[PDB]
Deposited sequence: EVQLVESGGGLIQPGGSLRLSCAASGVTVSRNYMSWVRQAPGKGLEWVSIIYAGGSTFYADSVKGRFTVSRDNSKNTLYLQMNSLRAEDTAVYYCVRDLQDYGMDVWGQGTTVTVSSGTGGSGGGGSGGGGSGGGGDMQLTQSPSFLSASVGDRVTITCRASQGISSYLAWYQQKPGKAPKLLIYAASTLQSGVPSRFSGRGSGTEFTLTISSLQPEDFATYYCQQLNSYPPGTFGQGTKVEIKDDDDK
């Protein structure tokens, strides 16, 4: 199972690019498929989604300029990017979107450079191997258990840890747990390991507007 993005590059404002996402192991035309981007040093921003039945939706920041589409015979997702702005600079990830069950499959991303609510606490955390670490995510309204958690190691795509606030994603180590219902949610790592130093994001599932992410908590050494 993999998603392979391509089509990024270095361009000046006003230009156009087309991103492609070649899928294997999931069928693009049978899935919700989203584009999520991340500006350098910033958090995750949902960009667009295409439904299996054909409906498309866009973030306000890209409406009128970006178009998501697919080719079933090529099992490939596309993002046509016109009228590019400096602030569209980001790594663009292709994701398979399971809605209530989080975004479980992520590509490696393609880099686009254009050049001439959920609140997480803390924003930065220093810890040691073996520490018990907890990160909090607070919603602006009651959202029941509609929350997911992601881990993003430096240089890598995010990885789904938990969906439905407390359900451990298959294959994820048991030292990760999530709790909370309503407005306050916490991710706990029971015994922090060297590979666990990363940035963690919460996501409000089935949100309006779509794809609401917290700003991230960076867990660093010492």
**Request:** Could you please spell out the deposited residue ranges that have no C-alpha entry in the coordinates?
**Result:** 1, 118-138, 245-249
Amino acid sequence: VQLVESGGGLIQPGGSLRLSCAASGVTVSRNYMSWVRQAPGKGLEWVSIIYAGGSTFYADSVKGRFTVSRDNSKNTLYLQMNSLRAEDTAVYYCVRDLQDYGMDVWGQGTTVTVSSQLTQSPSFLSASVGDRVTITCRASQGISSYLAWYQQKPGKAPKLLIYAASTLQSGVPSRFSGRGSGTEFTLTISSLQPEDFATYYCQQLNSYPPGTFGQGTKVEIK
From here on, numbers count along this sequence of modelled residues.
**Complete:** Taking the deposited Cα B-factors and averaging over 130-138 and over 87-95, the higher mean is found in 130-138
**Prompt:** Which wins on mean Cα temperature factor, 40-48 or 173-181?
**Reply:** 173-181
**Asked** Which one, 55, 69, 193, 31, has the peak C-alpha temperature factor per the PDB entry?
**Response** 193
**Request:** For the C-alpha B-factor as written in the entry, point me to the maximum among 146, 124, 78, 106.
**Result:** 124
**Request:** Would you mind checking where the Cα B-factor of residue 198 ranks among the modelled residues of its chain, as the lowest, middle or highest third?
**Result:** highest
**Request:** Just say lowest, middle or highest third for the CA B-factor of residue 59 relative to the other modelled residues in its chain.
**Result:** lowest
**Asked** residue 205's Cα B-factor: lowest, middle or highest third of the chain?
**Response** lowest
**Complete:** Split the chain's modelled residues into thirds by Cα B-factor; residue 11 lands in the highest
**Prompt:** In terms of the chain's CA B-factor thirds, is residue 168 lowest, middle or highest?
**Reply:** middle
